[PDB]
Amino acid sequence: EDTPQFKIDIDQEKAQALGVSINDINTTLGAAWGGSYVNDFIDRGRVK
Amino acid sequence: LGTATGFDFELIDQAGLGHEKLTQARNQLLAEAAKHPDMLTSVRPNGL
């Protein structure tokens with residue numbers, strides 16, 4: 001059933017006036033709140 | 001194909017030991033298979 005969900009509403013005029021781009025607004029929003037897969041590493045000889 | 005009167009053996013590290021822990025298990029097995037000359041001949045590693 002359809003739930004409450006939290007719409008955040010970026011203004012891109014007001015961001016352009018401050019010197020930020022939306023190429024790191026959406027990343028800071030996305031990687032903090034959703035999580036980001038960056039790359040791989042080795043854990044006891046396994047790629048994880 | 002392969003050959004008759006000859007086998008083909010693997011040596012798996014199934015616990016995440018490493019490469020230098022597998023070579024020491026590889027050298028232990030070959031030095032123990034060299035003291036049975038009446039059963040096993042020409043035992044060697046295939047790799048480098």
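Just above, that's the structure.
Residues numbered from 1 in each chain as written, not as in the entry; some residues may be left out. Chains lettered and ligands numbered in written order. Part of a larger assembly, values for the part shown. Heavy atoms only, no water.

(A) Molecular detail of the overall build of chain A. Counting its secondary structure elements, chain A contains 2 helices and 2 strands. When the helices and strands of chain A are listed from N to C terminus, the series reads α-α-β-β. On the principal axes, the C-alpha backbone points of chain A span a range of 50 × 40 × 10 Å. Looking at chain A residue by residue over its 48 residues, the buried ones come to 4%. Summed over its atoms, the accessible surface of chain A is roughly 4,900 Å², and 52% of this surface lies on carbon and sulfur atoms. The positive charge centre, built from 5 side chains, and the negative charge centre, built from 8, are 13 Å apart in chain A. (Helix = DSSP H or I, 4+ residues; strand = E, 2+ residues; numbered from the N terminus. Buried < 20%, exposed > 50% of the residue type's maximum accessible area, 1.4 Å probe, protein only. Areas by Shrake-Rupley, 256 points an atom, 1.4 Å probe, with all protein chains shown as cover. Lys, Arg positive; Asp, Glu negative; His and termini not counted. Charge placed at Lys NZ, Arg CZ, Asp CG, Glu CD.)

(B) Main features of the pattern of salt bridges. All names here are of chain A. This structure, assessed with the given rule, holds 4 salt bridges over all chains. Notably, a salt bridge pairs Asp 11 with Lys 14, separated by 3.2 Å at the nearest N-O pair. For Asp 11, a relative accessible area of 36% puts it in the partly exposed group. On the basis of relative accessibility, which here comes to 56%, the residue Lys 14 falls in the exposed class. One network of salt bridges, in which partners are shared, links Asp 43, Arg 44 and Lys 48. (Salt bridge = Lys/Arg side-chain N within 4 Å of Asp/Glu carboxyl O.)

(C) Broad picture of the environment of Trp 33 of chain A. With respect to the helices, strands and loops of the structure, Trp 33 of chain A is situated in helix α2 (residues 22–33). In this structure the C-alpha to C-alpha distance between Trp 33 of chain A and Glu 13 of chain A, which are 20 residues apart in sequence, comes to 24 Å.

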